Amino acid sequence: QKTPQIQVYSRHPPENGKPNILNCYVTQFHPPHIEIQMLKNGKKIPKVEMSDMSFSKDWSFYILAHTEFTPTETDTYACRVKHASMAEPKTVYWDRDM
Amino acid sequence: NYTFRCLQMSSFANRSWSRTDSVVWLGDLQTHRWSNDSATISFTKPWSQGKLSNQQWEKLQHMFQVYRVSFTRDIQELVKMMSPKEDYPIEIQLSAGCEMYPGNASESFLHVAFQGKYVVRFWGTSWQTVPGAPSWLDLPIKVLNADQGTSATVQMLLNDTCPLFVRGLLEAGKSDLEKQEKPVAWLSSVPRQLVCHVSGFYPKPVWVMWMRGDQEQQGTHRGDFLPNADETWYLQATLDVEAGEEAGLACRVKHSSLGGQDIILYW
Amino acid sequence: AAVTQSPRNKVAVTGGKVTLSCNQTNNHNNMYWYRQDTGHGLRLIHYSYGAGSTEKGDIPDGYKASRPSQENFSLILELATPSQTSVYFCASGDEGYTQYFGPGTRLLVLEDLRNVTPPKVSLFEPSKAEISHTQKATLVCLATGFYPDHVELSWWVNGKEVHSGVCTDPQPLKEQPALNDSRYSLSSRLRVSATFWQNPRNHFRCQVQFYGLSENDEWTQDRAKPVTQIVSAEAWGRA
Amino acid sequence: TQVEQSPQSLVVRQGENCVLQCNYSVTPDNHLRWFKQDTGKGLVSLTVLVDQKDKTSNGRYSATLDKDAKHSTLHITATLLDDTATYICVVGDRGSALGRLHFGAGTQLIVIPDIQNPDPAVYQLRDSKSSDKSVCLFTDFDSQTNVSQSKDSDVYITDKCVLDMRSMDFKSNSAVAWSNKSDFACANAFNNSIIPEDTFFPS
Ligand SMILES: CCCCCCCCCCCCCCCCCCCCCCCCCC(=S)N[C@@H](CO[C@H]1O[C@H](CO)[C@H](O)[C@H](O)[C@H]1O)[C@H](O)[C@H](O)CCCCCCCCCCCCCC
Ligand SMILES: *[C@@H]1O[C@H](CO)[C@@H](O[C@@H]2O[C@H](CO)[C@@H](O)[C@H](O)[C@H]2NC(C)=O)[C@H](O)[C@H]1NC(C)=O
Ligand SMILES: *[C@@H]1O[C@H](CO)[C@@H](O)[C@H](O)[C@H]1NC(C)=O
Ligand SMILES: *[C@@H]1O[C@H](CO)[C@@H](O)[C@H](O)[C@H]1NC(C)=O
């Protein structure tokens, strides 16, 4: 089994009160069966779009999740991933400063 | 030089439950999608049909439609043939397509992976195992190579159909393939590590370096190329510095879309 | 590439155990079991890719398969039913598409073995009138009073089987069509040249291979046990 | 029922030709095979067609296959008596052992034999062991004659049967009649049948 790598990042430069798109990039995992959620304040965001699953030259799988979001001084954003390779679900928080 | 890739992924949970999904790339742009749920291959670009006529495409799709059903039953039957040596769950991946070179030159490939390891390819006129493959696969390979009709089809598919089809794709989608999208940069800091964010650029080639005046910082570590939804790219370059030394640092970004005027961003 | 089946013909009872064996010496990995029923094509029951491996076919219910070795594929009927009355074909093959078929196995499953009876075989000597009128001599064989209809009539001249000049009824007729489990009768002809019949050194024999009970089947009646057997009638040629 | 054969059954006179149709919906279609099966006997392969537009031959047997139309024919030239058999169409969905065979229910062929020189007669034949018991043999009649079962249920009559004396190129129809019931004779054996006017009744 390959343990998945999660990376959370914004499409445009993050500015409070301005609508934007948040991306979650899940990579280097096998088998391909995976669960990806995008969380706002720990709650599941309703409209999360998924790109088709594909794989790299090294046969490892990748997939891009993304959703519209408005960043604020208060709100927290996360990407939660459940995969067979992990006993407990992995949560990577969005950091404006990265 | 453009690589055309047909990436198939197949999962076999048990003797009955199975699914096959395919995506298709020309360079780093998706041209096709084929979900298990769909009876037909989907165009993800307006020019995904290439220079093939509707008749030619229907004949081509129909062959894949037969392949998907046939492939599924074949694997299931080969698991029965090897048992109890090999058992579900089983993951099979195919990487098929061709790479285009200047002139009339091309090079086709068809690589097969089993449980995440590359084991089988089509080469020349037959299936063969690659170095490192387990010996038990010799029976499946002998069985697949008995099927002369499949061999002739795959030969024609790799030698003739792929390069022909991709030459057509490169004409039909010239605009998209040669598109130039401007990068946008912004700076940030974590507890100290400085981060230069570059996002929204196409194509992939990009140059990002932290600058102290006119001197390139050696410590600059570039991260991986991360994709955006709108088929543009994202990349961040980090620099580890001692607190207080923030003043005088800048981020210079070179990209084919900016046309000389590099993005300069002072901290 | 040849394939053999045993038995070639079987009469069995409901609830009985029937084993159909198939042997191939071609070193083929793969073996298959089919059944043929009038108004249908051959249908796959079980198959095998190698020793120790058995796979369900299209109609596997009521049947169990066994592959102890590369040479033997075996179709086992644990609790025989009348619905399993069929002609059973076996096949083998290597990695290629060709399946090589066996000669078939005729099976009949009866509700009760109560009425099973071997035939009486009589041979009838050619007419003197026929000899003078045609210069040909027709022998007639008659199998009578047998049940069920699973018989194989064959002609033998000097310990060797003959097919030339032979005609056997395509189906046996019923002796008492009014009765429920009627006994059958079967007829056959062997026509030879008059001079060949007139030869006193030629031994003519009509052989009926009857299929009935096995030595293991329970028999609760006073009459002789109607086992699988050969009954034959015989005559020498004469001037 | 992905393999359909036509006609279901057919009757031809010796020397005549016949065409047998096989239409299928099997997917994919690697090869098509024609079997010949005699009543009782097993499956004898006649020809296998493999190409997109294929044609084969095997003596008096020829065949075609059109994979686009999903259709095959088997032509038999100058039918002989030995052609009397069920003819089975089979479609394999792979070019390997991974394939399944899809069988048609068959086409029943009956070739009516040419009787060159009819010489209809009814002879009496005697039992080797018990000479007082006997049978009646109606023989040497042509294909036009039908043999009917007797009105008396004690009398048994078989349906006609054509034998081939191969080394002499001779063919002849025959039927057998018997009954142990008192006052049974060969002259009165075939009364219920329309037998030819010049039928020989010896002695
Ligand atoms: C690659 C060039 C592409 C250029 C065209 C561009 C099109 C873009 C559109 C996107 C396409 C959709 C995405 C699909 C990506 C997957 C790429 C797969 C390419 C390979 C296709 C193989 C086609 C071969 C023909 C077929 S069906 N064979 C099938 C039918 O064949 C029957 O019918 C035929 C005619 O219909 C013949 O009569 C034949 O004799 C008979 O047996 C036959 O069943 C094949 O066996 C299928 C399997 C092939 C893959 C096996 C390799 C994997 C090995 C597995 C390891 C073993 C594991 C052990 C547990
Ligand atoms: C497709 O191209 C391959 C080469 O990749 C051809 O394979 C060669 O075939 C010849 C005989 O046909 C063999 O002697 C060679 O060994 C093969 N070459 C290699 C490098 O393996 C193949 O013939 C071509 N087929 C078609 C239909 O065009
Ligand atoms: C096979 O696997 C699927 C998905 O993992 C599961 O839902 C299903 O219950 C399994 N099927 C059988 C017949 O066990
Ligand atoms: C994938 O497609 C096949 C045929 O279209 C279907 O039978 C199968 O159930 C599908 N798999 C899943 C997991 O839905």
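Throughout, chain B uses Swiss-Prot numbering, with the displayed residues spanning 25-215, 222-297 in order.
How was it done? The header gives X-ray crystallography, 2.8 Å.
Using N, Cα and C of the backbone, Cβ positions are placed for all residues, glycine too.
Residues or ranges marked as N-linked glycosylation site in Swiss-Prot: B:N25, B:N38, B:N60, B:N128, B:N183. Residues or ranges marked as D-galactosylceramide binding site by Swiss-Prot: B:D98, B:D171, B:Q172, B:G173, B:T174. What Swiss-Prot records for B:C122-B:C186, B:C226-B:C281 is disulfide bond, and it gives experimental evidence as the kind of evidence.
The recorded positions listed here are B:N25, B:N60, B:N128, B:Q172, B:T174; among them, B:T174 has the most other Cβ atoms within 10 Å of its own Cβ.
In the three-state DSSP reading, B:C281 (disulfide bond) counts as strand. Taking 8 Å as the upper bound (exclusive) on CB-CB distance to chain D, the recorded positions B:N25, B:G173, B:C281 give B:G173 in sequence order. Long-range neighbours of B:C122 (disulfide bond) (same chain, six or more residues apart, CB within less than 8 Å of its CB): B:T27, B:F28, B:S130, B:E131, B:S132, B:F133, B:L182, B:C186, B:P187, B:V190. Around the Cβ of B:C281 (disulfide bond), the same chain contributes B:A209, B:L211, B:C226, B:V238, B:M239, B:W240, B:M241, B:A267, B:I293, B:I294, B:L295, B:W297, each under 8 angstroms and 6 or more positions distant in sequence. Note on the glycosylation sites B:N38, B:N183: the fewest other CB atoms within 10 A surround the CB of B:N38. Highlighted here are the recorded positions (B:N38, B:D171, B:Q172, B:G173, B:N183) whose C-beta falls below 6 Å from ligand 2: B:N183, in sequence order. Calculated from the flanking Cα atoms, the unmodelled 6-residue segment between B:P215 and B:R222 spans 5 Å.
Here B:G173 (D-galactosylceramide binding site) is compared against the glycosylation sites B:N25, B:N38, B:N60, B:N128, B:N183, and the shortest C-alpha distance is to B:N183. Proximity of the recorded positions B:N38, B:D98, B:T174, B:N183, B:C186 to ligand 1, judged by a Cβ distance under 6 angstroms to any of its atoms, singles out B:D98, B:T174, B:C186 in sequence order. According to DSSP, B:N60 (N-linked glycosylation site) is assigned to coil rather than to any helix or strand.
Summary for the disulfide-bonded residues B:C186, B:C226: the Cβ-based neighbour count within 10 Å is maximal at B:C226. Each of the binding-site residues B:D98, B:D171 was scored by the other Cβ atoms within 10 Å of its Cβ; the lowest score goes to B:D98. The shortest Cα-Cα distance between B:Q172 (D-galactosylceramide binding site) and any of the glycosylation sites B:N25, B:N38, B:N60, B:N183 is the one to B:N183. Screening the recorded positions B:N38, B:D98, B:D171, B:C281 for a C-beta under 6 A from any atom of ligand 3 leaves B:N38.
Only B:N60, in sequence order, out of the recorded positions B:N60, B:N128, B:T174, B:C281 have a CB under 6 Å from ligand 4. Here the Cα atom of B:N38 (N-linked glycosylation site) is found 26 Å from that of B:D171 (D-galactosylceramide binding site). With respect to B:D171 (D-galactosylceramide binding site), the closest of these glycosylation sites in Cα terms is B:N183, chosen from B:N25, B:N60, B:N128, B:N183.
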